[PDB]
*Asks:* 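I'd like to ask some things about the structure below.
So that the names make sense, note that chain A is the first sequence line, chain B the second, and so on, each numbered from 1.
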Amino acid sequence: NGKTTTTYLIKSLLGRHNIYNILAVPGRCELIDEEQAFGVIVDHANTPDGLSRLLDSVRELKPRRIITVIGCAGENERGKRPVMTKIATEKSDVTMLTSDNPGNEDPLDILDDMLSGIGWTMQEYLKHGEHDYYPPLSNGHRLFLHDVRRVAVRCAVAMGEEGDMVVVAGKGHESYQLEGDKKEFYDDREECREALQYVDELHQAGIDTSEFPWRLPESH
Amino acid sequence: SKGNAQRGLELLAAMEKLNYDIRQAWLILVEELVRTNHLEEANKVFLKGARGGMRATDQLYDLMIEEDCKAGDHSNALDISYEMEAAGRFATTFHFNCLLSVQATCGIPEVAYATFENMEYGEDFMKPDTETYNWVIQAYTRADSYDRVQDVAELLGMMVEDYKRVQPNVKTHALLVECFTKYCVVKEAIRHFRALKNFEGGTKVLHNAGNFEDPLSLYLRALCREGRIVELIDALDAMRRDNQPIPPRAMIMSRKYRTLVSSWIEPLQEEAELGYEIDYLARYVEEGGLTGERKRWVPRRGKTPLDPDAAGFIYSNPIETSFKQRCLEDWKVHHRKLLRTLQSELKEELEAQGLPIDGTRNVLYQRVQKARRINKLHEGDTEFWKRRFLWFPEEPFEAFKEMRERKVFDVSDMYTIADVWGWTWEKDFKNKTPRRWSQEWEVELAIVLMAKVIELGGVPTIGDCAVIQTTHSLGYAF
Amino acid sequence: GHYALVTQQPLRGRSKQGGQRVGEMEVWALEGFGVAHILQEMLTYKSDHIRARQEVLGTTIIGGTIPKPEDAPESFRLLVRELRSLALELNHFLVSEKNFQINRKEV
Amino acid sequence: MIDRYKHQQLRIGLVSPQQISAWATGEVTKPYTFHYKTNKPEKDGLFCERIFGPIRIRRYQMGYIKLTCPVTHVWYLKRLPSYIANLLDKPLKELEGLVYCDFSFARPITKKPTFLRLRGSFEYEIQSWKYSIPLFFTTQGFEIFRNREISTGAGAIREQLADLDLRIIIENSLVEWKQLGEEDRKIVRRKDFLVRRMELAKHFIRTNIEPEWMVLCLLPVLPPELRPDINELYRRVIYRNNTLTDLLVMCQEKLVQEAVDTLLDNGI
Amino acid sequence: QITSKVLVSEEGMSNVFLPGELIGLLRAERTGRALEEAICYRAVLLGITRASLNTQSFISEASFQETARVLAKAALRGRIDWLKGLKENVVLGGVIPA
RNA sequence: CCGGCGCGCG
């Protein structure tokens with residue numbers, strides 16, 4: 001716990017968990033700052049215990065609203081898919097949904113496995129999308145979803161607000177994407193940087209990107 | 001006896017060389033080969049003899065046809081029937097039924113229909129009987145592709161018009177129920193299930209031992225989906241009397257872990273309170289999420305149903321209709337029939353919404369401007385119509401008398417499937433005012449259905465009871 | 001003699017040593033007579049059945065009985081390809097009356 | 001008397017691109033017919049010996065043209081009443097504009113998630129969609145998810161036909177027909193459209209035909225010996241298809257479609 | 001052949017027949033005695049041209065009139081022709097069943 | 001050995 005954080009500081013942070021690391025970082029809550037009114041961090045947690053620990057850690061940092069991005073791999077870890085989305089829904093207000101590394105397994109089925117922990121599926125969610133209306137959760141929380149992590153994290157970055165927070169997890173310091181059998185090159189930190197760089201124009205162009213669907217000016 | 005067909009043929013040739021009549025020996029050899037279960041060599045020897053100009057006895061012809069059709073050998077049976085008709089013995093309904101027993105399973109209804117057309121428009125001894133109609137109907141309802149409800153309906157009409165010579169049996173009603181269930185003609189399936197109830201076995205025959213998708217389960221599902229709960233209860237009594245356990249296909253579990261026990265009450269496709277949170281992890285684990293055997297509810301490109309419940313029907317299962325809705329529909333259709341036989345200003349905007357407060361001044365304006373942000377019968381009584389019935393003149397009754405005199409139509413042509421098949425119970429389900437739906441009626445029906453499903457081997461889920469002392473009897477706990 | 005390049009039917013005209021046309025009105029008369037084998041003669045191996053035209057030339061010179069064509073003439077195969085060019089497939093199937101096996105005829 | 005049974009049938013049917021490839025397998029790629037000097041069949045051309053056969057098999061061997069963009073079949077779009085319009089339940093004018101004009105369709109597919117409030121067929125181009133969204137979403141990822149919320153041409157039609165749920169179509173048509181009945185010229189014509197739509201959707205379920213085959217991905221090529229006019233129309237398809245793949249723009253996409261329509265059915 | 005068809009009325013909804021469907025008179029009467037599922041129909045007079053375009057063979061209709069319209073409608077539904085008529089076998093070059 | 005135009009015969 002914190003071995004990577006300790007080594008980098010010794011050779012040469014946010015939350016109370018990193019305070020003890022200082023007393024005694026790539027892919028460990030790497031803060032992405034572009035003079036915005038919020039923050040973006042990257043963690044490698046692909047396990048329910050670590051994800052729960054970090055999601056609890058975000059609450060103690062006083063965020064106004066909690067937005068999370070989660071995924072799961074394919075052909076492996078099939079027995080615990082819905083737990084991350086369950087804990088995120090019970091811990092976050094608006095939660096984006098996507099995959100971590102679909103691999104040969106089709107990401108649509110795994111993304112269906114996400115909604116199984118809440119009483120939804122791809123059929124019901126897509127029927128919600130067709131009617132361009134998403135009724136909120138039981139505890140007042142909101143749910144949006146997208147098959148590809150790219151646009152999902154772009155919208156999550158665009159939804160960074162004042163005193164708000166966005167988590168993108170499952171990859172961390174790893175900078176590869178697993179679709180089918182080819183290991184595509186994909187960096188979460190750089191993509192988050194790009195999303196934070198050009199967030200202004202999308203919001204100022206008359207598009208109400210606050211929720212899915214975006215209220216386009218000429219679309220009514 | 002030893003099956004040495006070639007040795008028998010050599011002995012027959014030796015007999016022929018010695019100026020002997022080989023017909024009796026040929027018959028004996030064929031019969032022995034059939035008895036010892038050498039149907040291939042028996043068929044070959046019989047065909048050799050028949051093509052040689054030799055004539056067999058009627059019993060041997062019938063035995064060959066029946067055995068070949070029982071073994072599923074239509075080619076040899078057809079060849080032997082052709083040879084028998086060439087020898088001077090014409091085919092009767094027995095041989096035609098034997099042939100039809102194999103054609104009905106070929107997947108092409110046109111073969112069986114060609115045989116049926118040969119029988120129907122032929123001599124008196126070739127006329128179809130109940131078995132022939134059953135074979136042709138089975139061929140049509142189990143077709144590979146295209147719709148055949150029209151063909152089966154016309155065949156049923158032809159069978160009805162032949163009432164003086166033909167009458168149905170259990171298989172007829174089982175096939176008709178299956179056909180009208182796969183095509184979602186539910187009312188006709190209910191009529192023929194009422195007819196089928198009077199036969200012992202009955203629903204057991206309709207079950208088809210689970211084969212052909214198990215049409216009995218389809219009948220139960222079709223009854224459940226349209227909210228025909230009284231008919232569902234009657235079917236449950238039918239299977240209980242027939243010692244027929246409710247099959248798992250009939251007990252399929254809905255999206256929200258419900259079954260036919262609680263699917264037609266006012267919560268539609270939704271769960272009850274149940275007193276606690278739902279354990280979604282247990283649901284995911286028990287559904288096969290550990291070994292990759294789960295059923296993912298994501299739409300896919302293709303002409304296949306995503307819903308496993310629609311498996312078996314031609315164009316998917318009937319749409320979900322609550323018992324409350326079905327009762328209201330039946331109330332409306334009865335009264336539409338009753339009416340037919342008898343003949344023979346800004347405050348106006350408030351009605352488009354829920355009227356929140358408003359009333360004094362400027363509240364109506366602010367609300368109308370902020371509302372844009374969110375943006376006696378006699379059906380089935382043939383006797384009454386027969387009584388009413390009694391250049392063609394323009395007067396309808398004069399015209400009726402004309403067709404009576406010119407023999408165009410007469411009262412002898414006025415009969416339905418009900419009054420020629422002895423459906424005396426049909427008049428008790430018609431020309432009656434439907435019962436208004438009530439909560440007490442619905443809950444008592446739910447209790448009755450739950451008890452009858454439990455006693456039949458079908459276990460309702462906890463969510464089924466939650467919609468409603470019997471809850472704990474199943475091993476549950478709120 | 002000489003046949004058309006596409007339809008493979010005998011040519012038209014006295015100057016071209018062509019044959020006489022059996023029109024649809026002539027086909028009606030043959031159907032009224034019930035002469036089903038005269039009609040098939042002038043539909044397959046006197047007009048466009050390439051394989052059966054050559055065998056009729058040989059059998060008649062030796063006098064050894066002309067058999068039925070049983071295949072499709074080049075006018076039907078020509079129509080099938082044209083329907084294929086409109087993204088339409090037309091298949092001829094034979095269903096055995098003995099064992100109900102479906103046979104796809106080459107066309 | 002037992003009748004001498006004869007069960008012979010022939011059936012037409014809409015063809016699949018895979019069956020077109022099976023016919024050809026063999027793709028015609030060049031519009032050259034014959035050599036001007038040597039009078040020999042040009043390779044990969046309309047009369048190629050490798051594709052079609054040595055100079056009997058040239059009367060039966062088929063080829064195909066690999067169209068870069070899908071083109072709708074004129075018989076199933078322009079003939080009245082339109083089958084594509086009835087199955088998609090849209091007026092013929094908007095479909096024709098989508099295929100022949102510079103119109104883009106909003107929300108062409110459903111079985112994949114979207115995030116936009118774009119509905120209908122917006123005639124004018126979306127100003128934000130031109131620069132704002134692509135420039136914020138870059139190019140590669142934007143093009144990856146491009147063909148899921150806005151599309152145009154016969155590709156949008158094929159996408160709409162591919163993901164159609166026929167059973168849902170039948171149920172919606174039946175419920176709308178009941179609603180109309182329970183309530184007088186086009187109060188009946190709308191009913192007649194509804195009856196025509198469920199009968200059209202019903203036939204697709206029981207057959208092996210796919211409604212997306214109504215838009216062509218490959219173009220079968222007639223054997224050369226059957227076309228010793230039609231050849232000129234085949235060159236145009238190659239003339240404008242090979243131009244289109246060189247670019248990879250909307251105008252050339254329409255030119256390929258018009259070449260196929262003229263080849264398939266003129267005077268319509 | 002002119003007076004052998006009836007027209008399903010516009011109010012007859014069932015899974016057996018659809019409104020406006022052209023069905024045979026004998027079939028309509030047979031289904032009337034066997035089913036009570038709103039089998040509503042009225043006698044229709046067809047001309048010798050319209051009757052010839054509502055046959056059981058698409059080859060006979062295609063070779064009669066509106067070839068493109070007949071083939072386009074038929075090829076959408078995988079129509080099957082059982083070659084029971086005289087003209088169908090003439091097209092194939094086979095022996096007519098007469 | 002392919003199509004158009006013109007003139008004819010029954």
*Asks:* All N/O contacts under 3.5 Å from nucleotides 1-5 of chain F to the protein, with atom names and distances to one decimal?
*Replies:*
unit_1 : atom_1 : unit_2 : atom_2 : d
F:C1   : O2     : C:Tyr3 : O      : 3.1

*Asks:* In terms of heavy-atom contacts, does NZ of C:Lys98 have more than 12 from other residues, nucleotides or ligands at under 6.0 Å?
*Replies:*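 Buried by this count: over 12 neighbours within 6.0 Å.
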*Asks:* If you count heavy atoms of other groups shown closer than 6.0 angstrom to CD of C:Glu70, is the number above 12?
*Replies:*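 12 or below, so no.
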*Asks:* What class does the angle between the rings of D:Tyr5 and D:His7 fall in, given that below 30° is parallel, 30 to 60° is tilted and above 60° is perpendicular?
*Replies:*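 Taking D:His7 first and then D:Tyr5, their aromatic rings lie parallel (interplane angle under 30°).
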*Asks:* Please say whether the positively charged group of C:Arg53, taken as NZ for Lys or CZ for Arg, lies over the ring of C:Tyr3, i.e. under 6.0 angstrom from the six-membered ring centre and within 45 degrees of the axis.
*Replies:*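 Yes, C:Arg53 sits over the ring of C:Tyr3.
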*Asks:* Mind checking ring pair (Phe, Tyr, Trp, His ring centres under 6.0 Å) for D:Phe34 and listing every partner two or more places apart, or none if nothing turns up?
*Replies:*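 Ring pair (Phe, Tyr, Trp, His ring centres under 6.0 Å) check on D:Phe34 returns D:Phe47.
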